[PDB]
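Taken one at a time, structure 1 and structure 2 that follow are two forms of one protein chain, written as structure tokens.
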Structure 1
């Protein structure tokens, strides 16, 4: 394949959305339709048997199919033409009975989405497993939290990972919830009412849905693209979180920080570009919801292009995030070094709390604040400046004071918050 096809895509996701799997879905739908309609007495029983026997992607002439599609303008009837020609005894004229091409394309797209989300669920399960392990392994490793890219107060690396873990669990819930809407048959014919099937239209629809393990539709949805668009916005939300992970890991991999390492942050690079492309594709799928009347004049076709791209981009981002988290290098010594840069300023709030009991909470804040900025101007440890304050030094000895100035003693309830995420 192409040089970059497996860098911004993956083999597995490329296969699902390939021409071969797409047509294979078409053929399974035509097969299930023939079987259903024979059982209902709509078409003769030979014909179903002969049609099903020729619903094999290996018999397709791809070059002719491309020609016919460019020249019909839509991608299904070129396959129906070869199916009729490969059946004997004129029995092929009973295939595609009452269908329109968008019944086949919509339902095939549903089938490909289900295959795609199987891969996504597996990657998510693996990512969640890695984050559960990392939150526990590094539960007590202290590090500087950062607000506006400036050090704030200490936290633990496990706490950081538990926050990603909780987010991906919410994405897992979103996925399961949309599946019950998305895994739905589309079978409505030219205008949605299956007019050519008369009083057998709904009966055919419901039987076909059961054959394909899909929910029956309430009504036709050929220009009602909320199911596909919702898949796209979910991909946007998920890669949004993947892009945050890539951002934080690449920030922690700067030469001047050195707190983690990928197993150059190339995986983070690919995640970032993939997420950027997916979010704009989501806007395009929202745009496509403007499909006019009973078959959209353009909007529908946006989905043909964007959905396979977005799925491929997302699988590549998921692949890279899974790989990084599963072999992530963590460097507690660099984390400790960065905690010590401010020479105590990062835990001034811990000094205020300890001294608040003897001097008053508000007064302790103001007193320690003055010591902080004094320590900043002179580039000296806060401990040295605190000890030069009789009001402070008369109420806390050195042993207590370097304890309060030790960044590793101001972790708050990080461990209990981690337990709250791990327990469910």
Structure 2
């Protein structure tokens, strides 16, 4: 994890969220006439994270009320935590930390997206071998490869924005979700509290309805899945025998993605929570979510750093493109010779010349020139042109433009 994400989920931002929730609750309930107005004023003033005795801290939030109610003057502590249950404070605090977490994620995605836009543009036309099952296939450009990551990271951005409206929601339902101890002021307290914390008011309690938190986990799984692919591709291209790129780090992403994807499965498990309250499933989320958020930030940090100083070697990419000695663009030689020699003789002639060039480990050009019909109907510099892998890039540049233009 990164210091930045690490302290978002520290005990200390956590209770700071607790105190902000208790302070907001007292103001709303004093504004509604539920608690004395002066009591809320004293409670809010002692809602400072610099006033907890960390040494005197079994009871997650109650330990913070015990030091709040027994801290205020004239028993004005009476009145904090009025009508709230423990999970109301934990889950709304968790929601606040998620929003802080996703702020970092959005910033990391922006830098990554920007790095990819630059790499896609810079290396728009740098030829390299595309690879299928780690075997060379047909030529592409490195910029084309980067544009495919860019489009994926943009889709992830869309997913992040879509879940925020569901996830950024208040949890305030009391013991069983109906806020029974507040009478006909429960919904009013809830709706104003959400307001006060800049959170969407809940349509109903969700203490055992964990689709909001699990949806965050599954998004982290989807996102780190893409980061793992980026890390794998980069260390594949920086192999000693490949050497097409160089790191300015990606091995850490692999572990992060593997841990996060299993954590997302655990959060789905937690969705099976019985009746109105369930400690067990709740404890899964209490453990996994901060772990997955920290793993994801480490992966994003490494990917961001690697991409910003990523180093590209077009000489190595061209060298690897030349390994097949013409065979990689055998399809191009088929069509290019179809106008001069006939649609099918071109197919049959280069295919048979392709087998020979393969079995003899010779350039495809050299075997084509051993065909007298080839050597008499079309000269060598036009056959070299067709055998050059750099002349068979397709519409990589226009596909790149299509990604860069939104």
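What we label the rigid core is the largest C-alpha set whose atoms superpose within 1.5 Å from one form to the other. Numbering follows the first chain given and starts at 1.
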>> After superposing on the rigid core, which residue out of 35, 359, 42, 383 has its C-alpha displaced by 2 Å or more between structures 1 and 2?
In response: 359
> If we fit on the core, is the Cα of residue 395 displaced 2 Å or more between structures 1 and 2?
Replying inline: yes
>> When the rigid core is overlaid, by how much has the CA of residue 369 moved between structures 1 and 2, in Å to one decimal?
In response: 1.6
>> Keeping the rigid core superposed, can you check how far the CA atom of residue 99 moves between structures 1 and 2, in angstrom?
In response: 0.2
